[PDB]
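S.K.: this one's experimental. Sequence and coordinates below.
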Amino acid sequence: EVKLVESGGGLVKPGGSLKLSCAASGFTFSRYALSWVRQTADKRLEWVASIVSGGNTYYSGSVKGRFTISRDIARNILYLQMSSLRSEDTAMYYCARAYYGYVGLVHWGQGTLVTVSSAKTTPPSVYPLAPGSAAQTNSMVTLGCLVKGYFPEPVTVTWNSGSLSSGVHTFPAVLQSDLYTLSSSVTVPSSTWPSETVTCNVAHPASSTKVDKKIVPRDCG
Amino acid sequence: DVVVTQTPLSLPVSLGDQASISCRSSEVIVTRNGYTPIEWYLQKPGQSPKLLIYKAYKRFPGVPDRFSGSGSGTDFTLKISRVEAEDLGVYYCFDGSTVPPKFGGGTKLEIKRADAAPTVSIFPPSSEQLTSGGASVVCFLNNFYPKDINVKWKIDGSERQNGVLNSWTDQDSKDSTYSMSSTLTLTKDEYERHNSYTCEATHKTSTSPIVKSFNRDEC
Ligand SMILES: C[C@]12CC[C@H]3[C@@H](CCC4=CC(=O)CC[C@@]43C)[C@@H]1CC[C@@H]2O
């Protein structure tokens, strides 16, 4: 099986440097042309650089002179050295293998995220989202969790450690002035809450933060 | 540096119907060893992009025959015979005629389904956040279609424009609906200076806005 896996992404200050890795497996590493493609927030795709079996390397205008793509044939790892990182470089970086020759980009990995900014890493604040009393009760009830003031992306949210997975809607984070905010909602039978516990689990790798917030019905004395 | 223009930006299609996506290159395609360096990719929600068609009309193994590619000189088209729910996602054409190879701006194929109004829920700020001086009122609008929707926040009756943060999920393949989140952020001082809080949702499905609200002084 062909498999390519990116790693190395993270938060970096402008002008800084970062080296990305892409572990290859399931094929003759030096036989194929390997490429780096990035995807910006507007989901647009931009070819970054490629290295063919010949060793020859190529770059995109914006990259030229700042990035360097290389490979360690022995360890079966593709690299992307970055420097003079500009805000414009913030994006999800994927590595892919040509299908053959200069034809097609296949087996892209899950990608690694590169955030270039001056803002400092900030732990998320996790707030529980409880309804309005009880009067407005049908068979279902919707609860939620607000995760705001963290940086950088990403953060993960699960419900009941993952036990609760159906009826969930997690919204893409929005950046408002150097800080992200995200929310997740979950709908459960009104008869099971708050009888049984409903808790959202939020993890923020960048800050090694991990928080579990139980959703408790509003005060109401 | 060539320029690849993709059309349209969004393509709503009914299941069973045909999908047509096109790409024009600001320059005649430069054949490679004869074939044309034209390729199409599909990136499904939360997944990495994948190859569908290459050489302009060649089907990468595993891709259903429902997918076909055609075209010539700057003009190229991706066609999906009978769209299935799972086809949902963003398509991209790729023109690697010269360095640097280029991607079209993408086309979000959207599954057309019966209009459905959103199930709206409003949540007041949490104790914990108030204790910190912040105050965010949240409104969830779930499982609706079409995606176009208007959400107005009213505090004690007046429309609030500043301090809102909206976010939509991609289209769910299970039911073809979209869900949205609207967050109104304020200061604790202000939140306690008013009484009523409401999010009004105007959706094609009704000239009557769906309204949800609560009074800061209640249960
Ligand atoms: C990126 C790619 C490998 C690198 C190829 C590219 C086609 C255009 C091209 C022309 C060159 O002169 C160098 C290699 C490149 C830059 C191929 C398109 C699919 C394949 O994976």
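M.R.: All right, it came through fine. Residues are numbered from 1 along each chain as shown, chains lettered A, B, ... in the order given.
S.K.: residue nearest the centroid of the chain?
M.R.: All of this is about chain A. With distances taken as CA atoms, centre = their mean, the residue of chain A nearest its centroid is residue A:154 (4.8 Å).
S.K.: that was the other one, I meant chain B.
M.R.: residue B:170 (4.9 Å).
S.K.: near the ligand, which residues of chain B show up?
M.R.: Counting by CB under 6 Å from any ligand atom, the positions of chain B adjacent to the ligand are B:96, B:99, B:101. For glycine as for every other residue, the C-beta is placed from the backbone atoms N, C-alpha and C.
S.K.: could I have the buried ones of the residues you listed as ChimeraX selection syntax?
M.R.: Selection of buried members from these for ChimeraX, criterion 16 or more other CB atoms under 10 Å in any protein chain shown:
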select /B:96,101
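S.K.: what sits against residue B:132?
M.R.: A:125, B:188 (CB atoms under 8 Å, 6 or more residues apart in numbering or on different chains).
S.K.: now do the helices in chain B.
M.R.: Ranges of helices in chain B, per DSSP state H, are B:127-130, B:188-191.
S.K.: hey, which of the ones you listed is tucked in deepest?
M.R.: Mean neighbour count (mean count of other CB atoms under 10 Å in any protein chain shown) peaks for helix B:127-130 among the helices of chain B, with a mean of 16.
S.K.: got the domain ranges for chain B?
M.R.: Domain assignment for chain B, taken from curated CATH domains, gives B:1-113, B:114-216.
S.K.: hmm, back to that, tell me the spacing between the residue nearest to the centre of chain A and the ligand.
M.R.: Separation of residue A:154 from the ligand (CB to the nearest ligand atom, to the nearest Å) stands at 27 Å.
S.K.: can you check residue A:217 too?
M.R.: Taken as CB to the nearest ligand atom, the span from residue A:217 to the ligand is 55 Å.
S.K.: so that residue makes contact with residue A:131?
M.R.: Yes: using CB atoms under 8 Å, residue A:217 makes contact with residue A:131 at a distance of 7.3 Å.
S.K.: between those two, which is the more surrounded one?
M.R.: Between residue A:217 and residue A:131, counted using other CB atoms under 10 Å in any protein chain shown, residue A:131 has the larger neighbour count: 22 against 16.
S.K.: sec struct for the more buried one, please.
M.R.: Here residue A:131 is coil, with the state taken from DSSP: H, G, I helix; E, B strand; the rest coil.
S.K.: just read off the phi/psi values of it.
M.R.: phi -50, psi -160 (degrees, to the nearest 10).
S.K.: show me the contacts for it.
M.R.: Per CB under 8 Å, 6+ apart, neighbours of residue A:131: A:141, A:142, A:143, A:217, A:218, B:121, B:123.
S.K.: how much space separates it from the ligand?
M.R.: From residue A:131 to the ligand the distance is 51 Å (CB to the nearest ligand atom).
S.K.: and for residue B:81?
M.R.: 26 Å.
S.K.: and residue B:70, by the same measure?
M.R.: Using CB to the nearest ligand atom, residue B:70 is found at 20 Å from the ligand.
S.K.: can you add distance to residue B:72 and give the helices of chain B back as TSV?
M.R.: Shown next, in TSV, are the helices of chain B (distance: least, CB to CB, whole Å):
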stretch	distance to residue B:72
helix B:127-130	59
helix B:188-191	62
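S.K.: show me the domain layout of chain A.
M.R.: Chain A is divided into the following domains under curated CATH domains: A:1-118, A:119-217.
S.K.: with adjacent residues omitted, what lies nearest to residue 49?
M.R.: Using chain A here. Using CB to CB, 6 or more residues apart in numbering or on different chains and skipping residues adjacent in sequence, the residue nearest residue A:49 is residue A:69, 4.1 Å away.
S.K.: that's the wrong chain, I meant chain B
M.R.: Spatial nearest neighbour of residue B:49, chain neighbours left out: residue B:43 (4.1 Å); criterion: CB to CB, 6+ apart.
S.K.: dump the domains of chain B into CSV; add distance to residue A:125 as well.
M.R.: Below are these laid out as CSV (distance: least, CB to CB, whole Å):
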stretch, distance to residue A:125
domain B:1-113, 25
domain B:114-216, 7
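S.K.: for residue A:94, which of those is the nearest?
M.R.: domain B:1-113 (6.1 Å; CB to CB).
S.K.: which strand residues bridge residue B:7?
M.R.: With DSSP bridges as the criterion, residue B:7 is bridged to residue B:22.
S.K.: tell me who's in contact with it.
M.R.: Counted by CB under 8 Å, 6+ apart, residue B:7 has contacts B:21, B:22, B:23, B:24, B:107.
S.K.: and it, how far from the ligand?
M.R.: 22 Å.
S.K.: please apply the same query to residue B:142.
M.R.: Applying CB to the nearest ligand atom to residue B:142 and the ligand gives a distance of 40 Å.
S.K.: tell me how many other residues crowd that residue.
M.R.: Applying other CB under 10 Å, I find that residue B:142 has 19 neighbouring residues.
S.K.: excluding its backbone neighbours, what's nearest it?
M.R.: residue B:179 is the one closest to residue B:142 (CB to CB, 6+ apart), at 4.4 Å.
S.K.: residue B:139 is in contact with that neighbour, correct?
M.R.: No: using CB under 8 Å, residue B:179 is not in contact with residue B:139; the gap is 11.7 Å.
S.K.: for these two, indicate the residue with more neighbours.
M.R.: Using other CB under 10 Å as the criterion, residue B:179 and residue B:139 rank with residue B:139 on top: 26 against 22.
S.K.: shouldn't that one be in contact with residue B:182?
M.R.: Yes: look at residue B:139 against residue B:182 with CB under 8 Å: they come within range, at 4.6 Å.
S.K.: got any residues that touch both of the two?
M.R.: B:151, B:153, B:199.
S.K.: most neighbours out of these, which is it?
M.R.: Tallying neighbours with other CB under 10 Å puts residue B:199 at the head of these, with 25 neighbours.
S.K.: the closest residue to that residue other than its chain neighbours bridge partners, please.
M.R.: Nearest non-adjacent residue to residue B:199, counting by CB to CB, 6+ apart: residue B:139, 3.6 Å away. Beta-bridge partners for residue B:139, by DSSP bridges, are residue B:122, residue B:182.
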